[PDB]
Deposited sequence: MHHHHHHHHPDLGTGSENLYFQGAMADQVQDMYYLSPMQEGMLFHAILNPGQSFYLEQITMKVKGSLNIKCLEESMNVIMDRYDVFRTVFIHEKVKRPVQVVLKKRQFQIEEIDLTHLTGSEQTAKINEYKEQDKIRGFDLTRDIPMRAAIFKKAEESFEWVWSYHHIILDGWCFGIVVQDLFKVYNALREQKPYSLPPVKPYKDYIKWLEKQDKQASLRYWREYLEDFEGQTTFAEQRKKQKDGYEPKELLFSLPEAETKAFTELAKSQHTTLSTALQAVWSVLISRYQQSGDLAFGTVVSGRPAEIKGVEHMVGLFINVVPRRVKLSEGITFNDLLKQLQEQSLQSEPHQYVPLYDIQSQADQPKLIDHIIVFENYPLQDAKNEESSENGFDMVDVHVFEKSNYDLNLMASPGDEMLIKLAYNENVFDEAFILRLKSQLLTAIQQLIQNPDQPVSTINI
């Protein structure tokens, strides 16, 4: 009802693409993030639920629903108020194995259910009580309203409010600019110019099947496996110092190392891979604190000339990052149409924190597992820390475990060698 509506506005191109595929592929876990937290301690579910309702009121995207039927163009509608409820389930009368079964049953049905974006709050939570001070919290949300960085903001706020309610002390949260300001910014962007930026960037790129000689083609479907390792502290510090000394980021430096490795396997100096970009335009005041969907997967195309050094590559990538910033809102589908290559990239490199990791909150998160549908057969996911954390997540029906172990070995030695000689040709790095 109009009286219940706060606001209405169009979708970002990325949101619009997600709504389209979400509607067209119900039941397939598209765009669903499901986090399972094992919790030990005196979690107060009522307090957590009050905290979640402060978050609901604070960030318009949680009160947003989507309309696609009987309209010229989809719209997102912000409701003035929506009450969040945590589903509380008591499993204390079940055996351990029976508890695991009930929780896995919930998680599997949750993936299939997804969200009805025309009516549901695009976030939900179930908390299973397994014993006194023993819980599992399954937190689900849809990426059409929230990317990872924005999720981190929400987590921070949620636990700031929870802890103030627990300590029975006043609190405040700083003002936030609403997500509609990003939608307004998009209005001012020349969409054809952004398509042209990508068309020119990808001009004359010839396709690439990455690690073609290692790809198996036998077993059907995705068999998800992961290899986790850490870069030692000394190397992590030196790699971080190197990135900063070249006025770039850890993420760009990791992409640069990867480029060297890909160039060898592809026997080519023109290569591409997927990268996650923030999508937060600097000209938007306070964008870094907004909550919504900004982060995008875009192609990175790297060109290695004879003699190119690692510091040369850092400069190349850093400059391209800056040039791409106004155009990071373009969906990958539209980008890849500008190259006439629907499979232009076939793996991704992601550098990110996770705000939930395994005192203050009165309880411990003893385990955290994240489910997200996998769109590529290989994904390199790194996270900052005293030891940089690197995860190679892959489809074992395509890549052998032995090959992923070889990539780990090659990554580690390449990083070590490039730290030591960032001003020699990268062709001299032994892998």
* Enumerate the deposited-sequence segments absent from the coordinates, judged by C-alpha atoms, in order of position. => 1-24, 383-388
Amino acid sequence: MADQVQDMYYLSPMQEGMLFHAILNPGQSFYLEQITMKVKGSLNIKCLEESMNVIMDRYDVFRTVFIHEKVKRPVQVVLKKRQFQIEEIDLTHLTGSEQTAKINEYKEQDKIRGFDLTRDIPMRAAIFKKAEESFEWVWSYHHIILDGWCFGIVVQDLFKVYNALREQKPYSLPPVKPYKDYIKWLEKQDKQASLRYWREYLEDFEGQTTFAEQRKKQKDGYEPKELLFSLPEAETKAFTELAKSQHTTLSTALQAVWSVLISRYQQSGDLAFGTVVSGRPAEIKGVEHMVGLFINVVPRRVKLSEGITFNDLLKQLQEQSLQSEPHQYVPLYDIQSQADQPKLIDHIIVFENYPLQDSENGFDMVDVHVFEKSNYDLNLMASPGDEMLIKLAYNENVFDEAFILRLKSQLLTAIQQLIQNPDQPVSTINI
From here on, numbers count along this sequence of modelled residues.
* Which wins on mean Cα temperature factor, 88-96 or 176-184? -> 88-96
* Comparing 56-64 with 385-393, which stretch shows the greater average C-alpha B-factor in the deposited entry? -> 385-393
* Hey, out of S29, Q34, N379, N44, whose CA B-factor is highest in the deposited coordinates? -> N44
* Asked: Which is it among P224, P342, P122, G279: the one with the largest CA B-factor in the entry?
  -> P342
* Chain thirds of CA B-factor: placement of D367 -> highest
* Structure fact -> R264: C-alpha B-factor third of its chain, per the entry, is the lowest
* Among the modelled residues of its chain, does the C-alpha B-factor of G152 lie in the lowest, middle or highest third? -> middle
* Asked: Mind checking which third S134 falls in for C-alpha B-factor across the chain?
  -> highest
* If you rank the chain by CA B-factor, which third does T209 end up in: lowest, middle or highest? -> middle
